[PDB]
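Okay, so here's the structure we're looking at.
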Ligand SMILES: [Zn+2]
Ligand SMILES: [Zn+2]
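Numbering (PDB author numbering), first residue to last: 1 to 87.
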């Protein structure tokens, strides 16, 4: 159809899986800090950085995690990595 384009859809919601709208860091990880109030203790920003992620996702620096935001599964092969681990 040629309908998809690099740019997002007209809707472009402010919210996103990649960016936790609550604590700003449970996106990649699990909802653990969401339960706890950030007011009592705000998370320390990581000064160290490398590869400069597309947005601000910490783990994306090492290996991109655009799989969560994208509803459609990549279906890419696991490859050597992600296997043969200790547990
Ligand atoms: Zn969160
Ligand atoms: Zn990510």
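For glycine and all other residues, C-beta sits at the position ideal for the given N, C-alpha and C.
Here the segment 58 to 75 makes contact with the segment 26 to 41; the two share three or more CB pairs at distances below 8 Å. Going by DSSP, residue 66 is part of the alpha helix (DSSP H) stretching over 66 to 69. Excluding the 5 residues flanking it on each side, residue 54 has same chain C-beta neighbours closer than 7 Å at 60, in chain order. In the structure shown, the three-state DSSP call for residue 60 is helix. Only buried fits residue 57, as 16 or more other CB atoms lie within 10 angstroms of its CB.
Relative to the non-hydrogen atoms of ligand 1, the Cβ of residue 26 comes within a distance shorter than 8 Å of at least one. Using a 10 angstroms sphere on the CB of residue 72, the tally of other CB atoms stays under 16, which defines it as exposed. Its Cα nearest to that of residue 45, the residue 24 stands out among 24, 13, 87, 84.
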